[PDB]
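What follows is a set of notes on a single structure, which appears directly below.
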Amino acid sequence: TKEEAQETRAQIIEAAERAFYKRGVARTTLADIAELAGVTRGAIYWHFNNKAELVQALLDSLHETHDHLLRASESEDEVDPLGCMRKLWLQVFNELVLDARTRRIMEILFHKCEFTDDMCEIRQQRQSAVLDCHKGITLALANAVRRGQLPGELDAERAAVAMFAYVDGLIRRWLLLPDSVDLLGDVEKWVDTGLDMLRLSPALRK
Amino acid sequence: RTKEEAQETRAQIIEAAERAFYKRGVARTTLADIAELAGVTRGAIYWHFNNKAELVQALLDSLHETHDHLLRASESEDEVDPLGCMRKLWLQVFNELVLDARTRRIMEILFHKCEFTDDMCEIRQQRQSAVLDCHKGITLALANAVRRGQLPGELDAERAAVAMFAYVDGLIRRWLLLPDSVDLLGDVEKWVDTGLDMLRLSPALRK
Ligand SMILES: O=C1CC[C@@]2(O)[C@@H]3Cc4ccc(O)c5c4[C@]2(CCN3CC2CC2)[C@@H]1O5
Ligand SMILES: O=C1CC[C@@]2(O)[C@@H]3Cc4ccc(O)c5c4[C@]2(CCN3CC2CC2)[C@@H]1O5
Ligand SMILES: O=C1CC[C@@]2(O)[C@@H]3Cc4ccc(O)c5c4[C@]2(CCN3CC2CC2)[C@@H]1O5
Ligand SMILES: O=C1CC[C@@]2(O)[C@@H]3Cc4ccc(O)c5c4[C@]2(CCN3CC2CC2)[C@@H]1O5
Ligand SMILES: [Mg+2]
Ligand SMILES: [Mg+2]
């Protein structure tokens, strides 16, 4: 049955989040996740080959809320690629602080997920996700340069690395020390600080 | 002598813990495993460390020594060029990461092979303490540079410290995950200056 299968996969993913958040990925097994989800008869193995597929599902689930702002910032036909990128990072930070699911998937991926040789797909799939995002940020920065919103001589690739590094570090800083960063109250200041680096730093120019 | 032999054995244990944590991760590695790798008895390893968290803290603490003279130079009110010492500090941070196998392996362990779990809550708390401490230091050096006129007078030192640390921390982990994406050694001056340019030119980082 169609709906029941998606029914069950969502139960498993939701239970996987609870299990990974409590006990970490390394020591959690699929059998333990099936126990939390209330699924039996090997159902979990029909939806996932291994834990890495479950981790990838959680990582893929983050790309959904922002799909439209990603598309807009990457499109050559977009009139305001820089403004759309600003709206994107504003949404990324807002969802992190406001959404329990997002914050806790990211906490799982960043602080409860080990890169090991017996589970090499986790690091490899993290490399691919970061690389994919870098391509998107680089392309959106190149659209802003062409629109006259960023320096004509900007090194879009290095500026994409710089922006990602800043956003990445800020998120992890808020996850580790929520009290230290009023990410929600000053979200615009935090987004503009990184954008300002791309706009003004002479080091980021070719 | 007792002291010399114990310090010798402690170093063997720490070195073997790096090899064990790096290969199998912190969560599934036991002190018994580390003892076998280090070639010491289980009683020996348990004399030096009560649990796995204490060993992780040992690695986490060793990172502070190499930079200890440059962070205190930028932190000193009497430093004539605090902004300059900060630049040399971050240059040295990135230089050691790329050149030093040990520092790279430890940071890879701490950032990518060590889970925050209720089963070992000391890990997260020690990371919280280390970041909070570094934040204070960075805030000191930024206020000195502002007072010395090297940074904007109306700069929010607290937020600027956060932003600089976020950039450096994010860059480190990007190079750890994708080394060929960041020539962190040949362009090290560019990568440091990019973040310093952020604190010095961003109108958002001002009150
Ligand atoms: O972080 C890292 C960095 C180093 C490694 O990347 C590489 C291969 C690999 C593959 C998958 C992993 O999860 C993982 C590794 C690591 C295990 C050891 N290797 C080194 C050998 C390819 C040369 C580890 O953890
Ligand atoms: O791999 C990835 C894929 C997607 C992301 O790259 C970006 C921003 C970001 C910044 C730092 C991370 O460690 C991290 C992310 C990710 C979290 C959220 N995303 C924003 C864009 C997907 C909308 C994640 O994990
Ligand atoms: O990131 C975090 C933030 C939240 C927690 O900090 C605290 C206690 C704790 C202790 C050690 C951890 O490794 C760890 C946690 C967390 C697990 C449970 N929480 C208790 C409070 C959320 C109710 C987690 O991961
Ligand atoms: O990546 C890094 C590189 C530099 C540090 O490693 C060391 C000590 C430390 C300990 C735990 C961290 O999470 C952390 C750090 C860092 C914070 C402070 N440092 C001292 C070195 C700046 C002189 C940071 O972030
Ligand atoms: Mg979402
Ligand atoms: Mg050192």
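Atoms considered below: every heavy atom in the structure, side chains included; atoms not considered: hydrogens, waters and symmetry mates. Residue numbers begin at 1 in each chain, while the letters A, B, ... track the order of the sequences. Indexing begins at 1, ligand by ligand and atom by atom, following the structure's order.
Near B:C134, meaning under 4.0 Å from one of its heavy atoms, ligand 4 places the atoms 17 (C), 18 (C). Annotation for ligand 1: atoms under 4.0 Å from non-hydrogen atoms of A:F115 are 13 (O), 25 (O). Close contacts between ligand 1 and B:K113 involve ligand atoms 24 (C), 25 (O) [criterion: under 4.0 Å to a heavy atom]. Short contacts between ligand 4 and B:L89, defined as distances under 4.0 Å to a heavy atom of the residue, involve ligand atoms 23 (C). Using a 4.0 Å cut-off to heavy atoms of B:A130, the atoms of ligand 4 that qualify are 10 (C), 11 (C). Those atoms of ligand 1 that come under 4.0 Å of a heavy atom in A:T116, given as number and element, are 12 (C), 13 (O). Every atom of ligand 4 with a heavy atom of B:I172 under 4.0 Å away is listed here by number and element: 1 (O), 2 (C), 3 (C). Atoms of ligand 1 found under 4.0 Å from any heavy atom of B:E108, numbered from 1 in the order shown, are 1 (O), 2 (C).
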Discussion item. Is there a side-chain contact (heavy atoms from CB on, under 4.5 Å) between A:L70 and A:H63? Walk through the geometry before answering.
Written reply: CA-CA 9 Å; A:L70 307 165; A:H63 180 295; 3.4 Å; yes
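In terms of protein heavy-atom proximity, atom 4 (C) of ligand 1 is closest to B:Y22 OH, 3.1 Å. Of all protein heavy atoms, the one closest to atom 6 (O) of ligand 2 is A:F164 CE1, 3.3 Å. Of the protein's non-hydrogen atoms, the one nearest atom 7 (C) of ligand 1 is A:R123 NH1, 5.0 Å. Of the protein's non-hydrogen atoms, the one nearest atom 10 (C) of ligand 1 is A:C120 CB, 4.0 Å. Of all protein heavy atoms, the one closest to atom 8 (C) of ligand 4 is B:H64 CD2, 3.8 Å. Among protein heavy atoms, atom 5 (C) of ligand 4 sits closest to B:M107 CE, 4.6 Å. In terms of protein heavy-atom proximity, atom 13 (O) of ligand 4 is closest to B:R127 CD, 3.2 Å. Given atom 22 (C) of ligand 4, the protein heavy atom at minimum distance is B:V93 CG2, 3.8 Å. The protein atom (non-hydrogen) at minimum distance from atom 21 (C) of ligand 2 is A:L70 CD2, 4.0 Å. From the protein, the heavy atom lying nearest to atom 12 (C) of ligand 2 is A:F110 CZ, 3.2 Å. What sits closest to atom 11 (C) of ligand 4 on the protein, heavy atoms only, is B:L60 CD1, 3.3 Å. Remark: minimum distance from atom 20 (C) of ligand 4 to any protein heavy atom is reached at B:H67 CD2, 4.4 Å.
A side-chain donor from one of A:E7 and A:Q11 sits under 3.5 Å from a side-chain acceptor of the other. In this structure, a donor-acceptor pair under 3.5 Å is present between the side chains of B:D81 and B:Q150.
In this structure, atom 18 (C) of ligand 2 has no protein heavy-atom contact shorter than 4.0 Å. For atom 1 (O) of ligand 4, a protein non-hydrogen atom is found at a distance below 4.0 Å. Contact annotation for atom 24 (C) of ligand 4: protein present (non-hydrogen atoms, distance under 4.0 Å). The presence of a protein heavy atom under 4.0 Å from atom 15 (C) of ligand 4 is ruled out.
Counting heavy atoms under 4.0 Å from ligand 4, residue B:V131 touches it through the side chain alone. For B:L110, no heavy-atom contact with ligand 4 is shorter than 4.0 Å. No part of A:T65 comes within 4.0 Å of ligand 2, judged by heavy-atom distances.
For A:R18, the CZ atom counts as densely surrounded, since its 6.0 Å shell holds more than 12 non-hydrogen atoms of other residues, nucleotides or ligands.
Stacking of B:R127 on the aromatic ring of B:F116 is not recorded, the 6.0 Å distance cut-off and the 45° axial limit not both being met.
Counting only distance, with no hydrogens or angles, the side chain of A:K112 and the backbone of A:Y21 share a donor-acceptor pair below 3.5 Å.
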